[PDB]
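Have a look below at one chain only, the form deposited without di(piperidin-1-yl)methanone (GOY), in C-alpha cells format.
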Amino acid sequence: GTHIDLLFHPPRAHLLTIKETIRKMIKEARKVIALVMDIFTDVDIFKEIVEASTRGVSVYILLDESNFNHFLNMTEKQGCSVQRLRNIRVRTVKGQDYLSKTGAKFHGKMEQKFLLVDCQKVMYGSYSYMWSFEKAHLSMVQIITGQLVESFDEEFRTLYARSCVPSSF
C-alpha cells in the first residue's frame, strides 16, 4: 500500500513546479511539519513555514551542521529572530567523525533531504531549498503516500534524537 509519483525541475508534463508543490504541501499541513534539509536559503518556502507555525502547526527542522550559517544569514536578512518562534524547533545534524592525514579531526555532512507532513505524505529527492535549484540545476523528487511514509517517520525520529541545538543559539 505505497503510491509514488515523480516530479522534475525544470518541469516535464506535470502542472506544478517542485517549489509550487512544496508550498502546497506546507499550506495543507494540519498538525505537524517535519523537514530534513542540507541548505535552506529560499525565502518563499521559509515564509510558508512561518505562516503555518502561526496557525498552530508544530514545525521541526533538521539542518546539516556545516551549512547552518546559510539559513541563519537568510532569516536575519528577512528581519526574523527564528529562535523566538515557539512553535518552530531548529536543530543541526553532523556526519561521521574522521581523522585527516594531518591529524586534525573533522566531521562530514548529513546528505539527506525530505519533507514529511502530518505523518502521511513525503516529498523525497535531490531538490535543495536554494536559488541554484530553481535556476541552475536539474533535479527530481518523489511524492510518497502509504506504508513507506512510516519508514520516513521512524528515520525522522532517529535523526531528531541525534541532533543538537545550534551553537549560535
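Residue numbers here begin at 1 and follow the sequence given. Under this definition, the rigid core comprises the largest set of C-alpha atoms superposing within 1.5 Å between the forms.
Remark: when the other structures in 8 other deposited structures of this protein are fitted onto this one via the rigid core, 106-114 deviates more than the alternative among 106-114 and 64-72, judged by RMS CA distance. Note: missing coordinates for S100 occur in a third or more of the other compared entries bracketing this position. In this entry, 72-80 has the higher mean Cα B-factor, the comparison being between 88-96 and 72-80.
Stretches compared: 139-147, 99-107. Higher mean C-alpha B-factor in the entry: 99-107.
As recorded in the entry, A13 carries the highest CA temperature factor of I18, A13, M25, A161.
As recorded in the entry, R55 carries the highest CA temperature factor of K113, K121, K47, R55.
The following text describes the form solved in complex with di(piperidin-1-yl)methanone (GOY), which does not appear among the structures shown.
Contact check for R157: a heavy atom falls within 4.5 Å of di(piperidin-1-yl)methanone (GOY) in the entry with it bound. Contact check for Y60: a heavy atom falls within 4.5 Å of di(piperidin-1-yl)methanone (GOY) in the entry with it bound. Of the residues in 30-49, those that come within 4.5 Å of di(piperidin-1-yl)methanone (GOY) in the entry with it bound through at least one heavy atom are, in sequence order, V32, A34.
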